[PDB]
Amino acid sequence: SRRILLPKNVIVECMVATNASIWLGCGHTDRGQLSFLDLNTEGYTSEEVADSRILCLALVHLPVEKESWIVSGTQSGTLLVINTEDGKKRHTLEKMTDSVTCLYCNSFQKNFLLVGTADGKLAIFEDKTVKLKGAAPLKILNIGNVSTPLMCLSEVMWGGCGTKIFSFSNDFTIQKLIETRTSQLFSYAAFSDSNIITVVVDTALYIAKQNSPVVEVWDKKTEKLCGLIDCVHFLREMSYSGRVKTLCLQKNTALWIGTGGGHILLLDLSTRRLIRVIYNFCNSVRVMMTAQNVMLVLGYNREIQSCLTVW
């Protein structure tokens, strides 16, 4: 477990891992700046590659043809594809009608690039088609509207659009559509009327909402509330907001929760709840993800100092 300090005032919007290194989208700038961080040497390099802020990143790897492409989704809707080995090899896919708010690589075996936009749409690209300039998506799913951003995808595929959880499979048709805005069992109603920010898929669906300390648990079959995890009460065992910022699952049993503060919770998902709790791990946990085995946690302190902890 070591901490890697990023250059001062660097803000990280998005992050993807691959001498291990990571690609970063920068949020301290209104244009599209792509950064590269060597985890072994802690070296940081960046380049302006697009006209609008890079919101989300995805790494498309082609085992045949031996090529890795880094895909940047931007605030203007542009999908910029850049070659990992030769930066002079870069092009743009079809422009989205709104900002790109989600990038996921799925596999069905066929691999795909799923592109969620801010106007509630989900564009699907095939593995190979990412190499082609001006490439069009195989299909576009109109799941929401301009007011329901599609912000998270997890793996059948589950996703969050506004206050709705959606599911889709091979044919890319929306099978399950679950409205989470209403439930009589809600400990508090105002938290549940927020956009879903993250979805982790285990035996049940564990979702988090914007500016909400309550992780909701919904059932895949019955499409109803399974349970509630109130981070405020777990933290208090006292002025913590408990606002959930990120969810990360372990091998099978454990769930990491990064809160608005620097607090990280580790709960068991089988018969009890609380395993571990680290207070003031940073000032604010922003991103938490697994990579290949390894745990990456991006937090920031505030001038702004972003840090990447890894164990």
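Residue indices: 1-based, along the sequence shown.
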*How many residues that are in the deposited sequence but not in the model lie between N9 and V10: none, 1 to 3, 4 to 9, or 10 or more?*
none
_How big is the unmodelled gap, if any, between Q292 and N293 relative to the deposited sequence? Choose none, 1 to 3, 4 to 9, or 10 or more._
4 to 9
*Which of 132 to 140 and 76 to 84 has higher mean CA B factor, as the PDB entry lists it*: 132 to 140
*In the PDB record, does 158 to 166 or 172 to 180 carry the higher mean Cα temperature factor?*
172 to 180
_According to the Cα B-factor stored in this entry, which of the following is highest: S46, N40, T29, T271?_
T271
*Could you check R243, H263, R53, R276 and tell me which one carries the biggest Cα B-factor in the deposited entry?*
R276
*Check where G120 lands among this chain's C-alpha B-factors and tell me if it's the lowest, middle or highest third.*
middle
*For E216, does the deposited CA B-factor place it in the lowest, middle or highest third of the chain?*
lowest
*Ranked by Cα temperature factor within the chain, is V285 in the lowest third, the middle third or the highest third?*
lowest
*If you rank the chain by CA B-factor, which third does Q33 end up in: lowest, middle or highest?*
lowest
_CA B-factor ranking of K224, expressed as a third of its chain_ = highest
